[PDB]
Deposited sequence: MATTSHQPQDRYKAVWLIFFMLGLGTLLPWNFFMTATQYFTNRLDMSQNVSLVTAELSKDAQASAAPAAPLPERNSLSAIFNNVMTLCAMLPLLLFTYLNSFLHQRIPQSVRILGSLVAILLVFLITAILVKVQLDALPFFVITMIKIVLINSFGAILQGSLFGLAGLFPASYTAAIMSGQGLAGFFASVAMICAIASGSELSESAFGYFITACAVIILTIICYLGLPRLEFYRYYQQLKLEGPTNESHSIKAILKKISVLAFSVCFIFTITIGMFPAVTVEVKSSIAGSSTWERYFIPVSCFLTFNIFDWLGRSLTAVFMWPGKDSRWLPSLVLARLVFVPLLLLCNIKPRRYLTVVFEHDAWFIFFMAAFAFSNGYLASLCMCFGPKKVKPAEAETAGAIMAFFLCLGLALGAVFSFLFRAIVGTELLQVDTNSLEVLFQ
């Protein structure tokens, strides 16, 4: 088992980047979708876009990670991975074209929501199939996917900041997002196609030659990863983007405080947390400390809620200084990426090799169940 040059590891890293960089770029272009709806409409469509997008994203994402966990064995992995990648590529290509064509508000809203359902439907299959595949490899190769996903969040943050500072129209920034995603998806496909000729890949993928029982074996890590993202999506981004600076010296802060202090902070430390797990995985697959630290994250709900949210009707600002918010976001984000990566890395290793693929697929569903439960909870918070 010699991953010569770490080619397979790097390919798995690129696969993670590819799974989320398009969707992350889509999310960072929300301002383009809402502003486009406002300049078209003559209870509005922009006022409901975020909530309808959320519903059109989590419900498909959850349904198809669930189905994949039950049916991944009936479809070849290359069909599930390459087929999903090609579908997402086509949808983002269309998303890019719609930037340049005139279309009334309601058709644009509807067509966009349809594409959002396809992105998360094929995204579910893609992600469920990647973690299942990675379940056959050492734990470090699931961390490669998680790490690559974190970089996708980092690039998304850099793009958001650069778009604001560019001064360009939201539409031409969004068009750049979507074209970049298309190119990244194409690169991701090329990298995947290079795996079969690598001996390290064939060595663990060779091992292909009772869902209820598998679920019991990974239940601790499956439920932990679910609780990780219940908290995370519960608080981020819907709640945290409402925080305002209390030390800003210039009106130039206003448009940069959130993309910098919130989004950039989160994606930097989330990415670094995921990346650390490729080399350092304390407390280990059997330690009860891992679920315990996942539980401890509950503390971030009061902490962040009592930061400088303005306007606010009912609570007080206990932590008004920006430093509190940035610090909470860093620990909030680092604990997410690190513990989440540990859960995904360890889940498949609580089971025999012939079941590690299904274990990874189930872990993907519970990760997405956490995303969905967080969206529900955050829609009260």
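- Message: Which parts of the deposited sequence lack C-alpha coordinates in this model? Number from residue 1, please.
- Response: Missing from the model are residues 1-7, 50-74, 242-249, 422-442.
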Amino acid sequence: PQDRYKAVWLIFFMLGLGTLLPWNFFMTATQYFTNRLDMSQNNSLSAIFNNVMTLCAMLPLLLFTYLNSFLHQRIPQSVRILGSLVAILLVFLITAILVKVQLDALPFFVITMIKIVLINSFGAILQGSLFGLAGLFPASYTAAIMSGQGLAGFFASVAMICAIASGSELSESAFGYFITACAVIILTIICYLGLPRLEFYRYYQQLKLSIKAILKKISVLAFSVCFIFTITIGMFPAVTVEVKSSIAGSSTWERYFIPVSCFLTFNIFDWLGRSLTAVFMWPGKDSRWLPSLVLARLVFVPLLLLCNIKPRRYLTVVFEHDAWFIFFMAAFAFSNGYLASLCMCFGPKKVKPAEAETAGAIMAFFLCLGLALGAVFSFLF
From here on, numbers count along this sequence of modelled residues.
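- Message: Quick check: 71-79 versus 114-122, which has the larger average CA B-factor in the record?
- Response: In the deposited entry, the stretch with the higher C-alpha B-factor mean is 71-79.
- Could you settle it for me: does 294-302 or 166-174 have the higher average Cα B factor in the PDB entry? The deposited B-factors put 166-174 ahead on the C-alpha mean.
- In this PDB entry, which of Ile94, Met281, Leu264, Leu85 has the top CA B-factor? Of the candidates given, the C-alpha B-factor peaks at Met281.
- Maximum C-alpha temperature factor, selected from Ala222, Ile189, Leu198, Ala152: Going by the entry's C-alpha B-factors, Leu198 comes out highest.
- Query: How does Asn51 rank on Cα B-factor within its chain, lowest, middle or highest third?
  - Reply: CA B-factor rank for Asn51: lowest third.
- Message: Based on the deposited C-alpha B factors for this chain, I'd like to know if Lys244 is in the lowest, middle or highest third.
- Response: Middle third of the chain for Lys244's C-alpha B-factor.
- Task: Would you mind ranking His321 by its C-alpha B-factor against the rest of the chain and naming the third, lowest, middle or highest?
- Result: Lowest third.
- Chain-wide C-alpha B factor ranking for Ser210, given as lowest, middle or highest third: For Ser210, whose C-alpha B-factor we compare with every modelled residue in the chain, the answer is the highest third.
- Message: Could you place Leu59 in the lowest, middle or highest third of its chain by Cα temperature factor, using the values in the record?
- Response: Its C-alpha B-factor belongs to the middle third of this chain's values.
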